[PDB]
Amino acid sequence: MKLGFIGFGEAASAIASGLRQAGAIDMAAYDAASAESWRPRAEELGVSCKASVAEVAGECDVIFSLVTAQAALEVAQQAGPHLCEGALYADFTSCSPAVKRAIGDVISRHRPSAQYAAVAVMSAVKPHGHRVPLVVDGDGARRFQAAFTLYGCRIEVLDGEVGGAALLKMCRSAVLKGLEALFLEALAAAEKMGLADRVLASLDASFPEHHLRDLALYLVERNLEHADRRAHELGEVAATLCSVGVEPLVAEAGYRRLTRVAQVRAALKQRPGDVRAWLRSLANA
């Protein structure tokens, strides 16, 4: 198999590094960013660097599109006419369900023998590499599952309309990032009078089975670390909600909240040592 990556950022290269160690695979890549940003990491993993999307698409039988959500459609339009017969095109982007369907239609118009896997990456790549849980739909989902399970990939196939995996991912992130925004808002408010611990004790006493204090402390700990990517992700979730006909009232407000929280984090000369001090810096901001 000749595997080609369109986009070779941190996530994409962690996947490529994982697949290299998992078995024998011929890998090629192209990233629209400056050569210095992606070419050293790619050559280090033994990945053949390319000059265009057209080049990757013409040389590889399997394509992984790992670009930004905004570039997902244009990259498929560029790739479509260069894809070989019976190619597998796998879109891993965080684009909306309607855009996953539009992408499948671009691949179908340009290379009718090709198959399409609309892949939803279920959580951050970093802790798992190539083994990050994936949920996939599209006429190439089963094929993508059978091919990449061989390398230890974790792939579930969703048996519905294309874009379903994309919506499941975005609704899961709306809950997780929305919970993070909710705790940061209500707990920064409680800390205006040093009550965050008492609010959390109150939640735990009323819903003991759910361990809300532990959940809030974990979500705030992660915030005190990866503050930036979670704000961005909630902005993409709000756009997906809007695309399926749900006005993203809560999701957009969460996105505004996490954005404001990251500006407070960024403004500090020195980040707070712990979750308690972080909730206090937010109260004092």
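Each residue number is its position in the shown sequence, starting from 1.
Higher mean CA temperature factor, per the PDB entry, when comparing 232 to 240 with 22 to 30: 22 to 30. On average the C-alpha atoms of 85 to 93 have higher B-factors than those of the other stretch, with 85 to 93 and 187 to 195 being the two compared.
For the set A69, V246, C60, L258, the maximum C-alpha B-factor listed in the entry falls on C60. Ranked by Cα temperature factor within the chain, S113 sits in the highest third according to the deposited record.
In the PDB entry, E209 places in the highest third of its chain by CA B-factor.
Looking at the C-alpha B-factors along this chain, the one for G80 belongs to the middle third. Split the chain's modelled residues into thirds by C-alpha temperature factor. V220 is in the middle one.
In the PDB entry, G152 places in the middle third of its chain by CA B-factor.
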